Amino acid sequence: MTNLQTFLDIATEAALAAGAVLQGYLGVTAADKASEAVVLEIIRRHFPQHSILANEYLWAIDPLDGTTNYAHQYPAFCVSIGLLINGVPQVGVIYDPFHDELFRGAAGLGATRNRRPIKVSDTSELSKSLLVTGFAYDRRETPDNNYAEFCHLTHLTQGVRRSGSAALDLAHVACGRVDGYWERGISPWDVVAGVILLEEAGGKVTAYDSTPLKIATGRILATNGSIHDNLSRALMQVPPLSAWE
């Protein structure tokens, strides 16, 4: 509808403005602060009645996803700007300012990168798939550290990447550069924009066991749709690390 394109227009300009701020600093906490201020000013000026995640309309903003990467100048970081409408992701913009890759999606309006259409891959077999995952800040505090999962899928697939940016990982599923992505311990601002981007690109986003996505649990399974069942089953069957030599 007309509002969603208007929402997507403003989120795009906010992401590009913030991305330029992040690029300027390259010559970390200050950069993240400066990007957030730019994003908030734009969204609040155009949509004073909307809320920022913390009411029908709720913006989930990550001003700098991939903070560890950015501190090391590792080229995998982005701005993520997502809109929840009645708690459902409906508008998403993810901008990688180092590679100048602008991912945009909105419900019923399609998914693009640099304003050209993108689509998920068709891969259905784990043995022919390339996946990506991440590891949470709390990984030393719980036995559920995602290592078992990583090892298991690394054995069953062509490989599991680790980029260091959850938002970019979702964008890479959306354009078919990987076939699937899973992670625990993520935050709403890490994933809201990527979820609608991926769904518009033809993918599927659920919990690990293929029951509906519950962002509050911090767990996400996001695939091209064709590999969703095989990946869900492999994750639920995961042998513990103690079962390896």
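One-based numbering along the sequence shown.
Asker: Which fits the stretch between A216 and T217: none, 1 to 3, 4 to 9, or 10 or more deposited residues lacking coordinates?
Answerer: Gap size class: none, per the record.
Asker: Would you class the number of unmodelled deposited residues between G27 and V28 as none, 1 to 3, 4 to 9, or 10 or more?
Answerer: The entry has 10 or more unmodelled residues between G27 and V28.
Asker: Return whichever of 160-168 and 106-114 has the greater mean Cα B factor according to the PDB record.
Answerer: In the deposited entry, the stretch with the higher C-alpha B-factor mean is 106-114.
Asker: Between 174-182 and 31-39, which has the higher average C-alpha B-factor in the PDB entry?
Answerer: Comparing averages over the C-alpha atoms only gives 31-39.
Asker: Quiz for you: based on the deposited Cα B-factor, which of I52, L64, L197, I220 is highest?
Answerer: The C-alpha B-factor peaks, among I52, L64, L197, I220, at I52.
Asker: Quick one: classify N69 as lowest, middle or highest third of the chain based on its Cα B-factor.
Answerer: CA B-factor rank for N69: lowest third.
Asker: Comparing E141 with the other modelled residues of its chain, is its CA B-factor in the lowest, middle or highest third?
Answerer: It falls in the top third of the chain.
Asker: Sorting the chain's CA B-factors, does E149 end up in the lowest, middle or highest third?
Answerer: CA B-factor rank for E149: lowest third.
Asker: Looking at the C-alpha B-factor of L241, is it in the lowest, middle or highest third of its chain?
Answerer: It belongs to the lowest third of the chain when residues are ordered by C-alpha B-factor.
Asker: In terms of the CA temperature factor given in the entry, to which third of its chain does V88 belong: lowest, middle or highest?
Answerer: Highest third.
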